[PDB]
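What follows is a short report on a single structure.
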Amino acid sequence: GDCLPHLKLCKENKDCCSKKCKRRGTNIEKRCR
């Protein structure tokens, strides 16, 4: 029950209801899509 708004930084996909968070950056900071 994590239906976050903006593509916030995460570690695992589960982080968001949309469970589509990606880290196509340097840091693990995965954004929430």
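Here's how to read the names in the structure tokens: chain A, B, ... by the order shown, residue numbers from 1 in each chain, ligand numbers from 1 in the order shown.
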What lies within 8 Å of residue 28 of chain A using only C-alpha atoms, ignoring chain neighbours under 3 positions off, as a count of residues only? 4
Exercise: residue 29 of chain A partners within 12 Å, only C-alpha atoms, chain neighbours under 3 positions left out, as a PyMOL selection string: chain A and resi 7-13+15+21-26+32
Residues from the last selection, N, CA and C atoms, saved as a CSV table (one decimal), in the first residue's frame:
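Output below, filename selection-v6.csv:
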chain,number,residue,atom,x,y,z
A,7,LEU,N,8.3,9.8,-9.1
A,7,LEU,CA,9.3,8.7,-9.2
A,7,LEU,C,10.4,8.9,-8.2
A,8,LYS,N,10.0,8.7,-7.0
A,8,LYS,CA,10.9,8.8,-5.8
A,8,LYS,C,12.0,7.7,-5.7
A,9,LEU,N,13.1,7.9,-5.0
A,9,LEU,CA,14.2,7.0,-4.9
A,9,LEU,C,13.8,5.8,-4.1
A,10,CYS,N,14.1,4.6,-4.6
A,10,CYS,CA,13.8,3.3,-3.9
A,10,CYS,C,15.0,2.4,-4.0
A,11,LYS,N,14.9,1.2,-3.4
A,11,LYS,CA,15.9,0.2,-3.5
A,11,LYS,C,15.3,-1.1,-4.2
A,12,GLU,N,14.1,-1.4,-3.9
A,12,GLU,CA,13.4,-2.6,-4.5
A,12,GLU,C,12.2,-2.0,-5.2
A,13,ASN,N,11.7,-2.8,-6.2
A,13,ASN,CA,10.5,-2.4,-7.0
A,13,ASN,C,9.2,-2.3,-6.1
A,15,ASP,N,8.6,-1.3,-3.5
A,15,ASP,CA,8.5,0.1,-2.9
A,15,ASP,C,7.3,0.9,-3.4
A,21,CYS,N,10.1,0.3,-10.4
A,21,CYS,CA,11.1,1.4,-10.1
A,21,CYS,C,12.4,0.9,-10.7
A,22,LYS,N,13.1,1.9,-11.3
A,22,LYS,CA,14.4,1.6,-12.1
A,22,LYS,C,15.6,2.5,-11.7
A,23,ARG,N,16.7,2.0,-11.6
A,23,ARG,CA,18.0,2.7,-11.2
A,23,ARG,C,19.0,2.8,-12.4
A,24,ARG,N,18.7,3.5,-13.4
A,24,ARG,CA,19.6,3.6,-14.6
A,24,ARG,C,20.4,4.9,-14.4
A,25,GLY,N,21.0,4.9,-13.3
A,25,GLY,CA,21.9,5.9,-12.8
A,25,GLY,C,23.1,5.3,-12.2
A,26,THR,N,23.9,6.1,-11.4
A,26,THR,CA,25.1,5.6,-10.8
A,26,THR,C,24.7,5.0,-9.4
A,32,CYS,N,10.7,5.6,-8.9
A,32,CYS,CA,9.3,4.9,-8.9
A,32,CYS,C,8.4,5.1,-10.1
Write out as an MDAnalysis selection string the residues lying within 12 Å of residue 6 of chain A, counting only C-alpha atoms and excluding same-chain residues fewer than 6 positions away. chainID A and resid 16 18 21 30:33
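For chain A, backbone-based DSSP labels the following residues as strand (DSSP E or B): residues 9, 10, 21, 22, 30, 31 and 32 of chain A.
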